[PDB]
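With PDB, C-alpha atoms inside, this is structure35.pdb:
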```
ATOM      1  CA  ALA A 393      44.106 -14.833  -0.201  1.00  0.00           C
ATOM      2  CA  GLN A 394      46.421 -12.999  -2.589  1.00  0.00           C
ATOM      3  CA  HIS A 395      44.654  -9.658  -2.065  1.00  0.00           C
ATOM      4  CA  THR A 396      43.966  -7.561   1.053  1.00  0.00           C
ATOM      5  CA  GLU A 397      40.686  -6.555   2.689  1.00  0.00           C
ATOM      6  CA  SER A 398      39.884  -2.923   3.512  1.00  0.00           C
ATOM      7  CA  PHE A 399      37.068  -1.170   5.363  1.00  0.00           C
ATOM      8  CA  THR A 400      35.159  -0.125   2.217  1.00  0.00           C
ATOM      9  CA  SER A 401      35.601  -3.475   0.456  1.00  0.00           C
ATOM     10  CA  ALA A 402      31.980  -4.652   0.704  1.00  0.00           C
ATOM     11  CA  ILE A 403      30.231  -1.307   0.131  1.00  0.00           C
ATOM     12  CA  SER A 404      28.409  -1.246  -3.210  1.00  0.00           C
ATOM     13  CA  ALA A 405      27.220   1.684  -5.319  1.00  0.00           C
ATOM     14  CA  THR A 406      23.552   1.136  -4.441  1.00  0.00           C
ATOM     15  CA  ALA A 407      24.384   0.772  -0.740  1.00  0.00           C
ATOM     16  CA  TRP A 408      26.511   3.937  -0.765  1.00  0.00           C
ATOM     17  CA  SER A 409      23.582   5.877  -2.239  1.00  0.00           C
ATOM     18  CA  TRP A 410      21.350   4.907   0.698  1.00  0.00           C
ATOM     19  CA  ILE A 411      23.782   6.160   3.360  1.00  0.00           C
ATOM     20  CA  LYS A 412      24.232   9.446   1.474  1.00  0.00           C
ATOM     21  CA  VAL A 413      20.470  10.004   1.190  1.00  0.00           C
ATOM     22  CA  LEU A 414      19.753   9.214   4.862  1.00  0.00           C
ATOM     23  CA  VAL A 415      22.598  11.526   5.896  1.00  0.00           C
ATOM     24  CA  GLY A 416      21.247  14.134   3.470  1.00  0.00           C
ATOM     25  CA  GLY A 417      17.693  13.646   4.740  1.00  0.00           C
ATOM     26  CA  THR A 418      18.663  14.736   8.258  1.00  0.00           C
ATOM     27  CA  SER A 419      20.765  17.644   6.973  1.00  0.00           C
ATOM     28  CA  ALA A 420      17.870  18.905   4.836  1.00  0.00           C
ATOM     29  CA  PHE A 421      15.374  18.932   7.716  1.00  0.00           C
ATOM     30  CA  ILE A 422      17.814  20.469  10.221  1.00  0.00           C
ATOM     31  CA  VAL A 423      18.703  23.496   8.076  1.00  0.00           C
ATOM     32  CA  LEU A 424      15.042  23.921   7.110  1.00  0.00           C
ATOM     33  CA  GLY A 425      14.022  24.640  10.698  1.00  0.00           C
ATOM     34  CA  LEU A 426      17.246  26.438  11.630  1.00  0.00           C
ATOM     35  CA  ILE A 427      16.685  28.980   8.852  1.00  0.00           C
ATOM     36  CA  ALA A 428      12.996  29.278   9.787  1.00  0.00           C
ATOM     37  CA  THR A 429      13.903  29.833  13.452  1.00  0.00           C
ATOM     38  CA  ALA A 430      16.035  32.861  12.549  1.00  0.00           C
ATOM     39  CA  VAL A 431      13.525  34.091   9.945  1.00  0.00           C
ATOM     40  CA  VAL A 432      10.793  34.841  12.497  1.00  0.00           C
ATOM     41  CA  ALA A 433      13.348  36.388  14.860  1.00  0.00           C
ATOM     42  CA  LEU A 434      14.099  38.885  12.081  1.00  0.00           C
ATOM     43  CA  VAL A 435      10.400  39.734  11.695  1.00  0.00           C
ATOM     44  CA  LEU A 436       9.976  40.009  15.478  1.00  0.00           C
ATOM     45  CA  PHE A 437      12.969  42.360  15.580  1.00  0.00           C
ATOM     46  CA  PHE A 438      11.497  44.365  12.688  1.00  0.00           C
ATOM     47  CA  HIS A 439       7.996  44.398  14.215  1.00  0.00           C
ATOM     48  CA  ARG A 440       9.050  46.717  17.053  1.00  0.00           C
ATOM     49  CA  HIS A 441      10.772  49.310  14.852  1.00  0.00           C
TER      50      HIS A 441
ATOM     51  CA  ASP B 111     -13.821  49.622  33.991  1.00  0.00           C
ATOM     52  CA  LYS B 112     -13.672  46.043  35.305  1.00  0.00           C
ATOM     53  CA  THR B 113     -10.191  44.946  36.422  1.00  0.00           C
ATOM     54  CA  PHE B 114      -9.966  41.979  38.785  1.00  0.00           C
ATOM     55  CA  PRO B 115      -6.758  41.954  40.879  1.00  0.00           C
ATOM     56  CA  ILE B 116      -4.565  38.992  41.825  1.00  0.00           C
ATOM     57  CA  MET B 117      -4.357  37.785  45.433  1.00  0.00           C
ATOM     58  CA  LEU B 118      -1.326  36.114  47.017  1.00  0.00           C
ATOM     59  CA  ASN B 119      -1.075  35.600  50.813  1.00  0.00           C
ATOM     60  CA  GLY B 120      -3.665  38.311  51.500  1.00  0.00           C
ATOM     61  CA  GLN B 121      -1.894  41.148  49.702  1.00  0.00           C
ATOM     62  CA  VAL B 122      -2.402  42.420  46.154  1.00  0.00           C
ATOM     63  CA  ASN B 123       0.656  42.119  43.911  1.00  0.00           C
ATOM     64  CA  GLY B 124      -0.839  42.401  40.417  1.00  0.00           C
ATOM     65  CA  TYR B 125      -3.890  43.194  38.334  1.00  0.00           C
ATOM     66  CA  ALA B 126      -5.619  41.229  35.570  1.00  0.00           C
ATOM     67  CA  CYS B 127      -7.323  43.180  32.786  1.00  0.00           C
ATOM     68  CA  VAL B 128     -10.136  42.048  30.493  1.00  0.00           C
ATOM     69  CA  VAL B 129     -10.396  43.186  26.870  1.00  0.00           C
ATOM     70  CA  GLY B 130     -12.943  42.164  24.232  1.00  0.00           C
ATOM     71  CA  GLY B 131     -12.925  38.376  24.097  1.00  0.00           C
ATOM     72  CA  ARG B 132      -9.637  37.800  25.947  1.00  0.00           C
ATOM     73  CA  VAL B 133      -8.338  37.961  29.521  1.00  0.00           C
ATOM     74  CA  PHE B 134      -4.910  39.448  30.283  1.00  0.00           C
ATOM     75  CA  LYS B 135      -2.518  38.592  33.119  1.00  0.00           C
ATOM     76  CA  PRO B 136       1.170  39.469  33.652  1.00  0.00           C
ATOM     77  CA  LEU B 137       3.630  36.587  33.795  1.00  0.00           C
ATOM     78  CA  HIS B 138       5.819  38.230  36.471  1.00  0.00           C
ATOM     79  CA  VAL B 139       3.148  37.892  39.188  1.00  0.00           C
ATOM     80  CA  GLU B 140       2.043  34.652  40.850  1.00  0.00           C
ATOM     81  CA  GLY B 141      -1.353  34.147  42.432  1.00  0.00           C
ATOM     82  CA  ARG B 142      -5.023  33.415  41.906  1.00  0.00           C
ATOM     83  CA  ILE B 143      -7.560  35.839  40.451  1.00  0.00           C
ATOM     84  CA  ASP B 144     -10.462  36.669  42.766  1.00  0.00           C
ATOM     85  CA  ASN B 145     -13.026  35.830  40.066  1.00  0.00           C
ATOM     86  CA  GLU B 146     -13.890  32.142  40.432  1.00  0.00           C
ATOM     87  CA  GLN B 147     -15.099  32.127  36.818  1.00  0.00           C
ATOM     88  CA  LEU B 148     -11.611  33.242  35.732  1.00  0.00           C
ATOM     89  CA  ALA B 149      -9.853  30.566  37.812  1.00  0.00           C
ATOM     90  CA  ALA B 150     -11.218  27.776  35.589  1.00  0.00           C
ATOM     91  CA  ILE B 151      -9.679  29.393  32.489  1.00  0.00           C
ATOM     92  CA  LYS B 152      -6.652  27.513  31.131  1.00  0.00           C
ATOM     93  CA  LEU B 153      -4.168  30.386  30.933  1.00  0.00           C
ATOM     94  CA  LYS B 154      -1.078  29.378  28.950  1.00  0.00           C
ATOM     95  CA  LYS B 155       2.443  30.761  29.189  1.00  0.00           C
ATOM     96  CA  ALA B 156       4.011  32.431  26.160  1.00  0.00           C
ATOM     97  CA  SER B 157       6.737  34.859  25.062  1.00  0.00           C
ATOM     98  CA  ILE B 158       7.168  38.550  25.959  1.00  0.00           C
ATOM     99  CA  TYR B 159       3.996  39.425  23.992  1.00  0.00           C
ATOM    100  CA  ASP B 160       1.947  38.032  26.959  1.00  0.00           C
ATOM    101  CA  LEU B 161      -0.500  35.692  25.244  1.00  0.00           C
ATOM    102  CA  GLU B 162      -3.226  34.267  27.492  1.00  0.00           C
ATOM    103  CA  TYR B 163      -6.574  32.528  26.893  1.00  0.00           C
ATOM    104  CA  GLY B 164     -10.007  34.131  26.697  1.00  0.00           C
ATOM    105  CA  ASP B 165     -12.061  31.010  27.470  1.00  0.00           C
ATOM    106  CA  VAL B 166     -14.933  32.977  29.080  1.00  0.00           C
ATOM    107  CA  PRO B 167     -18.520  32.167  27.954  1.00  0.00           C
ATOM    108  CA  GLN B 168     -20.828  34.413  25.945  1.00  0.00           C
ATOM    109  CA  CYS B 169     -22.652  36.218  28.765  1.00  0.00           C
ATOM    110  CA  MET B 170     -20.049  38.898  29.596  1.00  0.00           C
ATOM    111  CA  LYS B 171     -17.718  39.286  26.576  1.00  0.00           C
ATOM    112  CA  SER B 172     -16.542  42.650  25.173  1.00  0.00           C
ATOM    113  CA  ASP B 173     -16.116  44.540  28.435  1.00  0.00           C
ATOM    114  CA  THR B 174     -13.949  47.157  26.707  1.00  0.00           C
ATOM    115  CA  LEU B 175     -12.518  47.666  23.228  1.00  0.00           C
ATOM    116  CA  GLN B 176      -8.800  47.779  22.498  1.00  0.00           C
ATOM    117  CA  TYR B 177      -7.596  50.959  20.823  1.00  0.00           C
ATOM    118  CA  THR B 178      -7.072  50.847  17.043  1.00  0.00           C
ATOM    119  CA  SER B 179      -4.438  52.558  14.871  1.00  0.00           C
ATOM    120  CA  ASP B 180      -3.918  56.289  14.069  1.00  0.00           C
ATOM    121  CA  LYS B 181      -2.546  57.115  17.512  1.00  0.00           C
ATOM    122  CA  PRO B 182      -2.220  60.821  18.417  1.00  0.00           C
ATOM    123  CA  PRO B 183       0.300  61.964  21.036  1.00  0.00           C
ATOM    124  CA  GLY B 184      -2.218  64.005  23.086  1.00  0.00           C
ATOM    125  CA  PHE B 185      -4.076  63.286  26.315  1.00  0.00           C
ATOM    126  CA  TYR B 186      -4.672  59.766  27.641  1.00  0.00           C
ATOM    127  CA  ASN B 187      -6.380  58.395  30.743  1.00  0.00           C
ATOM    128  CA  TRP B 188      -4.710  56.450  33.546  1.00  0.00           C
ATOM    129  CA  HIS B 189      -5.853  55.117  36.917  1.00  0.00           C
ATOM    130  CA  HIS B 190      -3.389  57.122  39.038  1.00  0.00           C
ATOM    131  CA  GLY B 191      -3.286  60.167  36.747  1.00  0.00           C
ATOM    132  CA  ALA B 192      -2.664  60.994  33.090  1.00  0.00           C
ATOM    133  CA  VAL B 193      -0.124  60.126  30.397  1.00  0.00           C
ATOM    134  CA  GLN B 194       0.633  62.209  27.307  1.00  0.00           C
ATOM    135  CA  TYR B 195       3.053  60.254  25.110  1.00  0.00           C
ATOM    136  CA  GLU B 196       2.537  57.872  22.175  1.00  0.00           C
ATOM    137  CA  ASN B 197       6.030  56.695  21.167  1.00  0.00           C
ATOM    138  CA  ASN B 198       7.052  56.511  24.841  1.00  0.00           C
ATOM    139  CA  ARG B 199       5.158  56.769  28.118  1.00  0.00           C
ATOM    140  CA  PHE B 200       4.884  59.986  30.096  1.00  0.00           C
ATOM    141  CA  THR B 201       7.104  60.987  33.021  1.00  0.00           C
ATOM    142  CA  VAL B 202       4.399  60.496  35.649  1.00  0.00           C
ATOM    143  CA  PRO B 203       5.204  61.770  39.183  1.00  0.00           C
ATOM    144  CA  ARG B 204       5.874  59.690  42.294  1.00  0.00           C
ATOM    145  CA  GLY B 205       3.330  57.676  44.243  1.00  0.00           C
ATOM    146  CA  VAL B 206       2.569  55.661  41.127  1.00  0.00           C
ATOM    147  CA  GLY B 207       5.538  53.431  40.376  1.00  0.00           C
ATOM    148  CA  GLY B 208       5.909  51.415  43.564  1.00  0.00           C
ATOM    149  CA  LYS B 209       5.298  47.674  43.799  1.00  0.00           C
ATOM    150  CA  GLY B 210       2.420  45.413  42.812  1.00  0.00           C
ATOM    151  CA  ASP B 211       0.885  47.882  40.341  1.00  0.00           C
ATOM    152  CA  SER B 212       1.402  45.722  37.235  1.00  0.00           C
ATOM    153  CA  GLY B 213      -1.361  44.876  34.787  1.00  0.00           C
ATOM    154  CA  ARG B 214      -3.266  48.152  35.111  1.00  0.00           C
ATOM    155  CA  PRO B 215      -4.588  49.227  31.688  1.00  0.00           C
ATOM    156  CA  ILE B 216      -4.091  52.632  30.090  1.00  0.00           C
ATOM    157  CA  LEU B 217      -7.321  53.942  28.583  1.00  0.00           C
ATOM    158  CA  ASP B 218      -8.187  56.596  26.010  1.00  0.00           C
ATOM    159  CA  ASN B 219     -10.714  59.442  26.071  1.00  0.00           C
ATOM    160  CA  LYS B 220     -13.422  57.122  24.685  1.00  0.00           C
ATOM    161  CA  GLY B 221     -12.721  54.375  27.221  1.00  0.00           C
ATOM    162  CA  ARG B 222     -10.500  52.322  24.900  1.00  0.00           C
ATOM    163  CA  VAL B 223      -7.497  50.515  26.380  1.00  0.00           C
ATOM    164  CA  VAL B 224      -4.214  51.414  24.671  1.00  0.00           C
ATOM    165  CA  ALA B 225      -1.454  49.871  26.798  1.00  0.00           C
ATOM    166  CA  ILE B 226      -0.786  47.650  29.815  1.00  0.00           C
ATOM    167  CA  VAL B 227       2.044  48.546  32.204  1.00  0.00           C
ATOM    168  CA  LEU B 228       4.713  46.006  33.173  1.00  0.00           C
ATOM    169  CA  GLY B 229       7.735  47.820  34.622  1.00  0.00           C
ATOM    170  CA  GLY B 230       9.675  51.002  35.128  1.00  0.00           C
ATOM    171  CA  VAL B 231       9.756  51.483  38.915  1.00  0.00           C
ATOM    172  CA  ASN B 232      11.736  54.740  39.054  1.00  0.00           C
ATOM    173  CA  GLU B 233      14.286  56.350  36.727  1.00  0.00           C
ATOM    174  CA  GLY B 234      15.120  59.517  38.653  1.00  0.00           C
ATOM    175  CA  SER B 235      12.981  62.637  38.334  1.00  0.00           C
ATOM    176  CA  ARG B 236      11.466  61.203  35.122  1.00  0.00           C
ATOM    177  CA  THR B 237       9.874  57.745  35.291  1.00  0.00           C
ATOM    178  CA  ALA B 238       9.333  55.747  32.095  1.00  0.00           C
ATOM    179  CA  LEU B 239       6.817  52.901  31.854  1.00  0.00           C
ATOM    180  CA  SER B 240       7.545  49.638  30.028  1.00  0.00           C
ATOM    181  CA  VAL B 241       4.256  48.806  28.290  1.00  0.00           C
ATOM    182  CA  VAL B 242       2.948  46.719  25.402  1.00  0.00           C
ATOM    183  CA  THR B 243       1.054  48.270  22.494  1.00  0.00           C
ATOM    184  CA  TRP B 244       0.468  47.977  18.743  1.00  0.00           C
ATOM    185  CA  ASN B 245       2.931  49.852  16.550  1.00  0.00           C
ATOM    186  CA  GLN B 246       1.314  50.516  13.173  1.00  0.00           C
ATOM    187  CA  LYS B 247      -0.947  47.709  11.919  1.00  0.00           C
ATOM    188  CA  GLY B 248      -2.274  46.106  15.096  1.00  0.00           C
ATOM    189  CA  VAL B 249       0.711  43.784  15.551  1.00  0.00           C
ATOM    190  CA  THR B 250       1.400  43.485  19.279  1.00  0.00           C
ATOM    191  CA  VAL B 251       4.803  44.932  20.203  1.00  0.00           C
ATOM    192  CA  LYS B 252       6.623  45.386  23.513  1.00  0.00           C
ATOM    193  CA  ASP B 253       8.448  48.649  24.245  1.00  0.00           C
ATOM    194  CA  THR B 254      10.912  48.645  27.151  1.00  0.00           C
ATOM    195  CA  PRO B 255      13.095  51.620  28.159  1.00  0.00           C
ATOM    196  CA  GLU B 256      16.527  51.270  29.716  1.00  0.00           C
ATOM    197  CA  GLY B 257      16.730  50.127  33.332  1.00  0.00           C
ATOM    198  CA  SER B 258      13.106  48.958  33.548  1.00  0.00           C
ATOM    199  CA  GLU B 259      12.842  46.699  36.582  1.00  0.00           C
ATOM    200  CA  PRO B 260       9.632  44.596  36.862  1.00  0.00           C
ATOM    201  CA  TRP B 261       7.008  46.796  38.513  1.00  0.00           C
TER     202      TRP B 261
END
```
Could you spell out this file's structure in structure tokens?
Amino acid sequence: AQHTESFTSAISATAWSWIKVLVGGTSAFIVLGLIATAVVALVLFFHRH
Amino acid sequence: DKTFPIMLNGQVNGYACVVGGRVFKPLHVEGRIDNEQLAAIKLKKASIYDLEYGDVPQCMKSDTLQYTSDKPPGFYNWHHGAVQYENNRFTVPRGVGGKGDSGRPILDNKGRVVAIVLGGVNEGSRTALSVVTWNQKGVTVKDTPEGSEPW
């Protein structure tokens, strides 16, 4: 072979979109509940006074 | 009023109060209620707001009514005496404030329960009670003064 092989040689554009959606699917659900966990703690702090 | 206590190894270490529809019990005490009808209830643990289950049948519900809004700071009824504070609890004298007196309700002049004691053993010459109540719109809140050991 005249060329050289790298780590990202076989990764296509359609395959790179799947691993950036599945990574983004977990990051969307994690920050949805993490915001909502601190939202009700603000109401529970504001409920007393 | 009807207030069934909690038995553990022959001594009484807590009290369980009954309001309209629901049955109250402090989390800090361990033991079995003397009412065998109340032992079959599936009481569930919760946060500091002390949520339990009123799974009692129809024949004895609404023993007493919980006190609504528009709270004055005047006279209030208590089992060992009287309390006269709305934002806080009154500096009741000694005798009351020992051990195993948790769960006793605080009633009004019409027999309506306003608060349930949980702590505040002794804070010098003035003793403050850590109770739960409703602040403005019926939302259950928990007020705790400084240095309130579980009583």
Which residues would end up in the selection if the ChimeraX specification (/A :<12) & /B were applied here, given that I need the answer as a ChimeraX atom specification?
/B:157-159,197,242-254
Padding of 8 Å on every side, edges along x, y and z, all listed atoms of stretch 206-223 of chain B included: what centre and edge lengths in Å, to one decimal, does that box have, as AutoDock Vina command-line options?
```
--center_x -3.8 --center_y 52.2 --center_z 34.2 --size_x 35.3 --size_y 30.6 --size_z 35.1
```
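Taking atom CA of residue B:217 and atom CA of residue B:186 as endpoints, the distance between them is 6.5 Å.
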Run the PyMOL selection byres ((chain B and resi 142) around 6) against the file shown and list the residues it catches, as a ChimeraX atom specification.
/B:116-117,141,143
Polymer residues at most 9 Å from residue B:164, only C-alpha atoms, same-chain spacing of 5 or more positions, as JSON, numbers by chain:
{"B": [128, 130, 131, 132, 133, 134, 151, 152, 153]}
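Between atom CA of residue A:426 and atom CA of residue B:161 the separation is 24.2 Å.
The space between atom CA of residue B:220 and atom CA of residue B:174 spans 10.2 Å.
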Selected by the PyMOL selection byres ((chain B and resi 213) around 10) in the shown coordinates: which residues, as a VMD selection string?
chain B and resid 113 to 116 123 to 127 134 to 139 210 to 212 214 to 216 225 to 229 241 261
